[PDB]
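Worksheet: the structure to be examined is printed underneath.
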Amino acid sequence: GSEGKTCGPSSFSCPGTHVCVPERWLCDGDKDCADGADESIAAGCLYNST
Ligand SMILES: [Ca+2]
């Protein structure tokens, strides 16, 4: 099934490749991007604070 899973409303693309990743997966712990971009500032995960 997986409805609206792959490349959801806010699908992010991993640099150096064409791999999408739903915002839900963005910085979730599972390095989907070859260089864990989604789990880094490369994806836009600046907000942290403690
Ligand atoms: Ca991720």
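Going from the start of the chain as shown, residues are counted 1 onward.
If you're wondering, the header gives solution NMR.
In case you wondered, yes, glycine gets a Cβ from its N, Cα and C as well.
Disulfide pairing as given by Swiss-Prot: among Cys7, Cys33, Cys20 connects to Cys7.
The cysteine that Swiss-Prot pairs with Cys45 in a disulfide, picked from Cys27, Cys33, is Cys27. Nearest Cα neighbour of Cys45 (disulfide bond) among the listed disulfide-bonded residues (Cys7, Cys14, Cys20): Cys14. Listed in sequence order, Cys20, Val21, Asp32, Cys33, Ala34, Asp35, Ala37, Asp38 are the same-chain residues six or more apart from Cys14 (disulfide bond) with CB atoms under 8 A from its CB. The 10 Å shell around the Cβ of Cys20 (disulfide bond) contains 14 further Cβ atoms across the protein chains shown.
A straight line from the CA of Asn48 (N-linked glycosylation site) to the CA of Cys27 (disulfide bond) spans 11 Å.
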